[PDB]
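Asker: Chains as they are written, first to last, in the authors' numbering: chain A, 901, 900, 1 to 36, 45 to 148, 250 to 363, 368 to 392, 402 to 503; chain B, 901, 900, 1 to 144, 251 to 357, 370 to 391, 405 to 419, 423 to 505.
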Ligand SMILES: Nc1nc2c(ncn2[C@@H]2O[C@H](COP(=O)(O)OP(=O)(O)O)[C@@H](O)[C@H]2O)c(=O)[nH]1
Ligand SMILES: Nc1nc2c(ncn2[C@@H]2O[C@H](COP(=O)(O)OP(=O)(O)O)[C@@H](O)[C@H]2O)c(=O)[nH]1
C-alpha cells in the first residue's frame with residue numbers, strides 16, 4: 901500500500015514525512031471517517055451550518071497523504087504516500103476525554119473494505135488542537252524530560268502543521284468534509300459563521316484544489332460524465348487524456368483493489384495531473409489558478425463551488441428546476457433531454473433526482489411546458 | 901473462557015445456545031460497552047446521595063447512546079450425582095450492521111477512555127465492527143414486516265433471538281453491578297427506555313422475571329461483615345477462602373463471557389455459604418454505586437437526608453484534611469463529589485447545624501445542609 003504509520007512507529011518515521019512534504023510539488027490528501035450523518047436551497051451558510059451540526063461529531067481516523075515531486079530528467083513524477091491512523095487516546099487523567107460518533111453503515115462499509123479497526127483504536131496516533139497544545143504550553147511552564256512529552260501529545264497534529272506551513276498545493280476529491288474535520292480535529296472547533304471558517308481554512312491550507320470540481324468544468328464538463336473518484340480515474344486514462352507515468356520512490360510500497372485514505376489520495380493526485388496535462392494543449405501553473413480554494417458542493421441549486429476566499433455568487437434561482445426520473449438514467453440522458461436549450465449545469469440530488477440550471481429565465485418556463493407531455497420524469501420550480 | 003460467537007458462525011451455533019439456556023439452572027451475564035458517560039464525570043454520574051428517579055434519568059440521558067458490543071453469557075446446570083456444576087459460556091460480538099438501504103442506520107457513541115481500556119485488555123475491535131452480529135428491537139422487527253425472505257427476517261433480528269430466549273426461559277439471570285447491563289440490554293434489543301422509572305421497572309421484569317446482582321449480595325448480611333471489597337475481581341478472591349469454599353465446577357464439552377463465568381461462580385459460593406428461598410430476598414433488587425439497591429420490585433425508599441451536608445473547599449486538600457476538619461463529630465463517612473467538594477455524613481442530624489455555625493468564622497471551606505439545589 900503506502001506506509002502504515004501507527005503510534006508505535008510515528009516518531010521514528012516522522013522525518014521521512016517532513017522530507018516528502020518539503021520536497022514535494024503538491025500533495026493530495028484524503029480522509030476516512032467514523033461516519034457521515036447522524045439541503046437543496048441552502049445558502050452556503052446554511053449548508054455549512056448543517057454539516058457543522060450533523061457531521062463533525064464523527065472521527066477522522068485514517069488520514070491519507072500522497073506527496074508528488076516532478077523529476078525533470080525522466081519526465082516522470084515520483085510519489086510517496088502514507089496512511090496515518092489517528093485516535094484521540096487521552097493524555098492524562100485530567101486531559102479531555104473525546105466522545106466521537108459512529109455511523110453503522112459507514113463502519114460496515116469500511117468493514118467490507120478490509121479496514122483494520124484495531125490499528126485505529128489500539129494503535130492510533132494521538133493528537134492535540136491549537137488550544138489543547140498552547141493551554142498546555144503554559145501549564146508545562148515555569250531536567251530535559253517532559254518537553255518531549257509535549258511533542259508526543261500533539262503527535263499527529265505535527266504532520267498537519269507541516270502541511271499548513273509548506274505553503275504547497277493540497278489536492279482533495281470532493282473534500283469539503285475532509286477539510287472540515289481536519290480543522291475541527293486538529294486546529295479548533297468550527298466557528299459559528301461560514302465567513303469565519305473560510306478564513307480559518309486558508310491558514311491551514313493556503314492552496315486547495317478539489318479534483319471533483321476540476322472534472323466538472325469546461326473543458327472537462329463535456330468529455331466526462333461521471334465524477335466519482337473511481338469512475339474519474341478510468342475516464343482520464345483514455346483519450347483525449349494520457350495517464351502520467353508515476354513511480355514509487357525507492358523504499359516505499361507501491362500499489363499494483369481496496370479503498371484506503373492513502374490509495375485514494377494517490378489516485379486523486381493522478382487525476383489532478385492528468386487533467387493538468389490535458390489543460391496544456402505544469403503543476404504550479406497559471407492554467408490551474410482559477411481552481412484554487414474553490415471547494416466542491418453537493419446537492420445544491422445554483423452554487424458551482426464553495427469559495428474559500430469568499431463570498432459566494434448568488435444562485436439566480438429563476439434558472440433552476442428539479443427533476444425526478446427512473447434510476448436507470450445516466451448523465452447523458454439529462455443532457456440529451458434539455459439539449460434544446462444548449463449547455464446546462466447538473467447537480468445530482470439523489471439516485472433518482474437532480475437539480476438542473478438552464479441558460480435563461482424564459483427557458484425554464486418552456487421545459488416545464490414540454491414536460492406536460494411526458495411520463496418518465498417531472499420538472500419543478502419552487503419547493 | 900466462552001465460545002466466540004460472531005456473524006459468520008451465529009446461525010450454525012444458535013441451537014447449542016438455546017439448549018444451554020434450556021437445560022440451565024441459572025445464567026450469569028455481563029456486557030462490554032462502547033462508553034460510560036458523554037458529558038458528566040464518573041462520580042457526577044454516581045452522585046452518592048441521589049434518588050433512583052434522578053439516577054435513572056441521568057443514566058438515561060448520559061449512557062444510553064453507547065453500544066453494548068460484547069455480550070457474555072454463561073449458563074450453569076447443577077449435576078446431582080458428582081455434586082458439581084456443569085457450565086457453558088459464550089462471547090457474542092454484536093454490531094448494528096444496517097439491513098437494507100431503508101433500514102435505520104444506527105449511530106452509537108464511543109468514549110475514548112473506555113475504548114483505550116478495552117485495548118489494554120486484548121479486545122479485538124475487528125470482531126465487533128467487521129464480524130459483529132446484527133439485531134433488531136421490538137419495533138424494527140414488528141415493523142420491517144409489511251421463502252427466502254421468511255428466512256432473512258430471522259437473520260435481521262439476529263442477536264435479539266438470544267435475548268428473547270433468556271427473557272422467555274424465565275430462569276434467573278445474575279449480573280455483577282448490573283443496572284447498566286440491564287438498561288442497555290433492553291434499550292438495544294427491546295425499545296427506547298421509557299420516560300419514567302416505574303415504566304422501566306415494568307419493562308425490566310418482562311424481559312427478565314428473575315434478576316440477582318452479585319455485588320448487592322456480597323454487600324449485605326452476612327456478607328457485609330466478612331467482605332470488605334466488592335469489586336468483581338476482589339470478590340472472586342475473597343469467596344475462595346474461609347468461611348467460604350469455591351464450588352466444584354466443571355464445563356460441558370478479560371471478556372464479558374469470562375466475567376459472567378466468574379460472576380456466576382461468586383453467586384454459587386455465596387449461595388452455598390448462606391446455607405432456593407434463602408436467596409429470594411435479593412431478587413430484582415439491582416445494585417446502586419452511591423439505598424444500596426434499586427426496587428425490591430417497587431418502591432425504593434426515602435432515607436434520612438438529615439445527617440448530611442455538602443462542603444466547598446480549596447483544591448489542595450485531601451481525604452485526611454477532611455477528617456481533620458470534622459474530628460469534633462467522631463468518625464464520619466465521605467463521598468467525594470469533585471475536585472473541590474464532597475458530601476459529609478455526620479452521626480447525629482443536629483451535628484450538621486453546629487458544623488454550619490462552626491465555619492461562619494472560616495474562609496477556606498464552606499458548608500450547606502444537604503437541602504439545597
Ligand atoms: N460536500 C459533501 N461531501 C460529501 C457528502 N457526503 C459524502 N461526501 C464525501 O464525498 C465523497 C464522495 O465523492 P465521490 O467520490 O465523487 O462520490 P459521489 O459524488 O457521491 O458519487 C465521499 O468520500 C464523502 O466523504 C456531503 O453531503 N457533502
Ligand atoms: N484533585 C485531586 N484529585 C485526586 C487527589 N487524590 C486522588 N485524586 C483522584 O481522585 C480519584 C479518586 O479515585 P480513587 O482513589 O480510586 O477513589 P474513587 O474515586 O472512589 O474510585 C482518583 O482517580 C485520583 O486520581 C487530590 O489530592 N486532588
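We put the CB at the ideal spot given by N, CA and C, even for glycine.
#1: Determine the contact status of residue 414(B) and residue 425(B), defining contact as a CB-CB distance below 8 Å.
#2: In the region 111-125 of chain B, which residues sit with their C-beta less than 7 Å from some C-beta in chain A, listed in chain order?
#3: How many whole angstroms separate the CB atoms of residue 66(B) and residue 289(B), which I take to be in contact at a CB cut-off of 8 Å?
#4: Are any of the Cβ atoms in chain B nearer than 8 Å to that of residue 92(A)?
#5: Excluding the 5 residues preceding and the 5 following residue 126(A) in the sequence, name in chain order all residues of the same chain whose CB lies nearer than 6 Å to its CB.
#6: Using a threshold of 8 Å, state whether the C-beta atoms of residue 312(A) and residue 123(B) are closer than that.
#7: Restricting to Cα atoms, I'd like to know which of 440(B), 454(B), 378(B) is closest to residue 446(B).
#8: How far does the alpha helix (DSSP H) with residue 373(B) in it extend, from its first residue to its last?
#9: Is the shortest distance between the beta-carbon of residue 96(A) and the beta-carbons of chain B less than 8 Å?
#10: Using only alpha-carbon positions, find the residue among 254(B), 256(B), 261(B), 132(B) that is nearest to residue 139(B).
#11: Cβ of residue 109(B) less than 8 Å from any chain A Cβ?
#12: How far does the alpha helix (DSSP H) with residue 18(A) in it extend, from its first residue to its last?
#13: Could you name the residues of chain B that residue 127(A) contacts, counting a contact when the two beta carbons are closer than 7 Å?
#14: Nearest to residue 60(B) by CA position, among 270(B), 36(B), 40(B), 496(B), is which residue?
#15: Is there at least one non-hydrogen atom of ligand 2 closer than 7 Å to the beta-carbon of residue 450(B)?
#16: If you count every other CB in all the chains shown that lies within 10 Å of the CB of residue 291(B), and 16 or more means buried, which is it?
#17: Please report how far the alpha carbon of residue 442(B) lies from the alpha carbon of residue 476(B), in whole angstroms.
#18: Helix or strand or just coil, what does DSSP make of residue 287(B)?
#19: At 7 Å on the CB atoms, spell out the chain B contacts of residue 104(A), in chain order.
#20: Give, in chain order, every residue of the region 258-278 of chain A whose Cβ lies closer than 8 Å to some Cβ of chain B.
#21: Within a Cβ cutoff of 8 Å, which residues of the same chain sit near residue 4(A), ignoring the five residues on either side of it in sequence?
#22: Using a threshold of 7 Å, is the CB atom of residue 335(A) nearer than that to any non-hydrogen atom of ligand 1?
#23: CA-CA distance, residue 360(A) and residue 84(A)?
#24: Give, in chain order, every residue of the region 10-34 of chain B whose Cβ lies closer than 9 Å to some Cβ of chain A.
#25: Should residue 453(B) be listed as close to ligand 2, given that the test is whether its C-beta is under 7 Å from any heavy atom?
#26: Check the DSSP bridge columns for residue 468(B) and list the partner residues they point to.
#27: So does residue 71(A) have its beta carbon nearer than 7 Å to some heavy atom of ligand 1?
#28: Please list, in chain order, the chain A residues whose beta carbon lies closer than 8 Å to that of residue 36(B).
#29: Buried or exposed: residue 79(A), going by 16 or more other Cβ atoms within 10 Å of its Cβ?
#30: Between 280(B), 95(B), 504(B), 117(B), which lies nearest to residue 95(A) when the distance is taken from Cα to Cα?
#31: Please name the residue or residues paired with residue 354(A) in a DSSP beta bridge.
#32: Taking the C-alpha atoms as reference points, what is the distance between residue 280(A) and residue 322(A)?
Answerer: Here's the rundown:
#1: Cβ atoms of residue 414(B) and residue 425(B): closer than 8 Å.
#2: The region 111-125 of chain B vs chain A, Cβ under 7 Å: 111, 113, 114, 117, 122, 123, 124.
#3: About 7 Å separates the two Cβ atoms, so the contact holds.
#4: Not one chain B Cβ lies under 8 Å of residue 92(A).
#5: Here the set comprises 67, 91, 93.
#6: For residue 312(A) and residue 123(B), no; Cβs fall outside 8 Å.
#7: Considering only alpha carbons, the answer is 454(B).
#8: According to the DSSP assignment, residue 373(B) belongs to the alpha helix (DSSP H) that extends over 372-390.
#9: Chain B contact via Cβ: present.
#10: The option with the nearest alpha carbon to residue 139(B) is 261(B).
#11: So, interface residue.
#12: Annotation: the continuous alpha helix (DSSP H) that includes residue 18(A) extends over 5-21.
#13: Neighbours of residue 127(A) across chain B, judged by C-beta separation under 7 Å: 113, 117, 123.
#14: Among 270(B), 36(B), 40(B), 496(B), the Cα nearest to that of residue 60(B) is on 36(B).
#15: Yes, Cβ of residue 450(B) sits closer than 7 Å to a heavy atom of ligand 2.
#16: Under this definition residue 291(B) is a buried residue.
#17: Roughly 6 Å between the two C-alpha positions.
#18: In the structure shown, residue 287(B) falls within a helical segment according to DSSP collapsed to helix, strand and coil.
#19: By Cβ distance, chain B contributes 110.
#20: Listed by position along the chain: nothing, the set is empty.
#21: So the qualifying residues of the chain are 91, 125, 129, 130, 131.
#22: Flag set: Cβ of residue 335(A) near ligand 1.
#23: If I take the Cα positions, the gap works out to 12 Å.
#24: Cβ proximity to chain A below 9 Å picks out 32, 33 from the region 10-34 of chain B.
#25: Using a cutoff of 7 Å, the CB of residue 453(B) does not count as near ligand 2, since none of the ligand's heavy atoms is closer than that.
#26: Its beta-bridge partners are 474(B).
#27: Checking every heavy atom of ligand 1 against the Cβ of residue 71(A), none is found closer than 7 Å.
#28: Annotation: Cβ neighbours of residue 36(B) in chain A (cutoff 8 Å, chain order): 105.
#29: Residue 79(A) should be labelled exposed.
#30: Ranking the options by Cα distance to residue 95(A), first place goes to 117(B).
#31: Residue 354(A) has 84(A) as its beta-bridge partners, per DSSP.
#32: Approximately 10 Å between the Cα atoms of the pair.
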